[PDB]
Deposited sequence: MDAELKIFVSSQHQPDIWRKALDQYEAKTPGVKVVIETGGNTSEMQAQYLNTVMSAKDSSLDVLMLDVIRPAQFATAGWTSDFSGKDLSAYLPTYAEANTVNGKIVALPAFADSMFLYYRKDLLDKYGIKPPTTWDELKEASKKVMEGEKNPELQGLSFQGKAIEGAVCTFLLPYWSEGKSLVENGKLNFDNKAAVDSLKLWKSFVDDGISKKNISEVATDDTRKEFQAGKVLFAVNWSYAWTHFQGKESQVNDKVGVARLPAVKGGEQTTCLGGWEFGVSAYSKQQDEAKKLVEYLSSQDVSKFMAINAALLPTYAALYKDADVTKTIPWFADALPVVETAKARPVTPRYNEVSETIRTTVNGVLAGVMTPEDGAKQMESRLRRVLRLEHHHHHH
């Protein structure tokens, strides 16, 4: 029996990972798949994979990689190219998994940030979902003033020094119609960067967000909203199944909307999602490729959507009656994914992540001013997102 080892994107829901791989094994005699986990956050996984891949570790066959990894993994030679038409998938994901024309990995699932909201609380007060951060602050004040609930947070977002905080930083910067990369080099708008960091701080200063939002990771936001302690929550699509699941206080109480804009700006969101890479160092190239073909297939995409609310990589699945029955808001989510904005495509993404996320966190922790943060950020990004000779 061949034993394939897949490094997966989450420790959570082990029974659903296993369920999916048990299906492969049943179809595929002579083949077992085991699960290896690291962190539950993309940069803790990156530290882990950097180490094993740097050592040419042959242990891992298939790697689940965040949509920001392909540039590093292709240039470092850590994946085996699919030698392959990505036209079955959303083009934004075909583009993400193509690097200098090499197919680096097959799309696993789509993701973007949405505004989760307690529609029970919005309906009670007759509030429409906010389309700008200013409307979100006015909505928060109105709901929290009437509830007189000391545990009710207006807005949960990710201020912990995690990959997610890179997403946090870029939301307002993108909304103001700015871009971080123009003609292969850093294009940095300081006013727009200062204003992003200023906006996230003002939520804390106003008491719309809790004093320790610099301690809040992706799954913190999810748990606190699930526990019924949050009005408005920036998060990804996976959180929907937890909120409608067995250990939740918000079953039937959750609406989903596009993220608000900065007043006068665009309702932009962060492109997320994950792909399946075959390790360059795998002793089992062909079996690993066959697993990835399966896990990347329309059936598994559909499985991911119905079982864990992971947004499909196949357009037709946003109009699938079973999918739309289970997650009605998926019926309208394709335009959000297909216009979601990409974090920089760069082999040195890890240094880009480190600079942005530690600035967001330090500003939210009161270690540095928005102004200082932007200057520090701009300085390190100039060295990291430079032009190379060849």
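Trainee: Comparing the deposited sequence with the modelled residues, which stretches have no C-alpha coordinates?
Mentor: According to the deposited record, C-alpha coordinates are absent for 1, 85, 393-396, which together make up the missing parts.
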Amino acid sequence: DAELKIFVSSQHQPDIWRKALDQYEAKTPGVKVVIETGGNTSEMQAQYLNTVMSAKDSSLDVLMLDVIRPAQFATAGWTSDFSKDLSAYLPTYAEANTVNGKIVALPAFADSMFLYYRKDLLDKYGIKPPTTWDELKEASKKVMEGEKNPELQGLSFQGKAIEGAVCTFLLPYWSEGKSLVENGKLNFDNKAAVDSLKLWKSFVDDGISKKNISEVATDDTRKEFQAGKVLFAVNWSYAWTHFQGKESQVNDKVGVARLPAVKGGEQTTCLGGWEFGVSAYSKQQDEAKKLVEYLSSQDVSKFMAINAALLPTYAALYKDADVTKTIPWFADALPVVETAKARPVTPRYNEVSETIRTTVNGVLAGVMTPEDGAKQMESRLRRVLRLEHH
From here on, numbers count along this sequence of modelled residues.
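Take the two forms, find the largest set of C-alpha atoms that superpose within 1.5 Å, and that set is the rigid core.
Trainee: Given a rigid core fit, name the stretch, 170-178 or 105-113, whose C-alphas are on average farther from the form shown here in 4 other deposited structures of this protein.
Mentor: Between 170-178 and 105-113, greater C-alpha deviation in 4 other deposited structures of this protein belongs to 105-113.
Trainee: Stretch 371-379 versus stretch 10-18: after rigid core alignment, which one is farther off in C-alpha RMS in 4 other deposited structures of this protein?
Mentor: When 371-379 and 10-18 are compared in 4 other deposited structures of this protein, the bigger C-alpha shift is seen for 10-18.
Trainee: With neighbours modelled on both sides, does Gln285 go without coordinates in a third or more of the other PDB entries compared?
Mentor: No.
Trainee: Relative to the other PDB entries of this protein in the set, is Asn183 coordinate-less in at least a third?
Mentor: Missing in at least a third of the others, so yes.
Trainee: Which has the higher mean CA temperature factor in the PDB entry, 278-286 or 178-186?
Mentor: According to the entry, 178-186 carries the higher average C-alpha B-factor.
Trainee: Where do the C-alpha atoms have the higher mean temperature factor in this entry, in 59-67 or in 24-32?
Mentor: Here the higher of the two C-alpha B-factor means belongs to 24-32.
Trainee: Going by the deposited entry, which of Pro344, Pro347, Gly38, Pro335 has the highest CA temperature factor?
Mentor: Result of the comparison over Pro344, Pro347, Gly38, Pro335: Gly38.
Trainee: Tell me, please, which of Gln158, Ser296, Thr75, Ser237 has the highest C-alpha B factor according to the deposited entry?
Mentor: The record points to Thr75.
Trainee: Please place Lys302 in the lowest, middle or highest third of its chain according to the CA B-factor in the PDB entry.
Mentor: Middle third - that is where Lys302 ends up once the chain's C-alpha B-factors are sorted.
Trainee: What third of its chain, lowest, middle or highest, does the C-alpha temperature factor of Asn100 fall into?
Mentor: It falls in the top third of the chain.
Trainee: Hey, what third does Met44 fall into on Cα B-factor, ranked over its chain?
Mentor: Lowest third of the chain for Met44's C-alpha B-factor.
Trainee: Please place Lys137 in the lowest, middle or highest third of its chain by C-alpha B factor as given in the entry.
Mentor: Its C-alpha B-factor, which the entry lists for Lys137, ranks in the lowest third among residues of this chain.
Trainee: If you rank the chain by CA B-factor, which third does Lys229 end up in: lowest, middle or highest?
Mentor: It falls in the middle third of the chain.
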